[PDB]
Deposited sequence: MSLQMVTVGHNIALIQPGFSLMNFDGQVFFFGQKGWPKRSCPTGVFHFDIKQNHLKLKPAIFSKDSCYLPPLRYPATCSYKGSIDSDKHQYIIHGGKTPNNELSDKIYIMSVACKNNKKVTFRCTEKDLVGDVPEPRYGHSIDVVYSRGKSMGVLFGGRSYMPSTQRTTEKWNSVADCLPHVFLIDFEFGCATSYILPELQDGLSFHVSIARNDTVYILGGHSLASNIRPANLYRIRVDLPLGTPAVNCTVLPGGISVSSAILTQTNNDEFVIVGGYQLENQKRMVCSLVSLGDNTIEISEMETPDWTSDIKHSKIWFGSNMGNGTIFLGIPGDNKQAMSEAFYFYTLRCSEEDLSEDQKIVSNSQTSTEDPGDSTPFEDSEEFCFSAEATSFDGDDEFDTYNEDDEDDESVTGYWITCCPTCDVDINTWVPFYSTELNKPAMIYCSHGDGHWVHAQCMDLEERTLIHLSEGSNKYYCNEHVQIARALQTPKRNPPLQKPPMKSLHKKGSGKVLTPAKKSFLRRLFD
């Protein structure tokens, strides 16, 4: 729980709330910049390197067969295990939602340089509507791998959308979707245990189950302290999904999850109410069929973090969490965002 200051070079005006950090064999990268890609880095991905508390963003080129994907502002992050990386949905800089699926991998690597491979796929069947703030995970049941998707936030349908409330958003349906990455097919599933919409939640994966906990429901403007376990099996026939409500959950939205130890996760950040801001950390003790959430010591927060409104961040992968605090300079620019790093054992 060590909080340490980190500085940024001449690219500090490129990080906004909602970015995504990807880890490839011990190297963490950056995605989701501000504005459309420039001539300095047409690809849009960056080399997120922190050495001696200094963050330098270097461009990373793409492969010849890669797709130059737009900078998404709030996608769903998954880490397929040949180590790939899957993102679905998000917001383009022109503020339209994308229903497209992207797969990222390292095409070829040499000394200190890497070329990525962005691949475009098309989903068929009960394809989810364009949305953002959702979560996607992968399960490994009976030797078959399949992705899972849950609801989020999306614009109003094309038949009930007006220009006065053009940017108004509504929570998606509680439906749970199974995505088959190798075949690009999706099947809808309605679960009676899920009745209200949920967005900006955190997801924890295991061998054959996904633990969704926390989040915000826009219909009632509440942050429920719920916890669902979604278990999926893959027989020869059609897949079967079951959701079980478990007690002892927490109430948080837009929290940050990291990979501390095997079968050990911790949740940092988030918001409890509109003006209330999450100061505590919850340790998730994974298990075979048991879940235990415990609260550890609060990290030594600084005055700037304690007296702010928002922070945003992602997971570095190596037990490190990178969060930033907005500043009041703006007109002076430069120090438009104050960034921090956090270590979990």
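Counting from residue 1 of the deposited sequence, the stretches lacking C-alpha coordinates in this chain are 82-87, 352-527.
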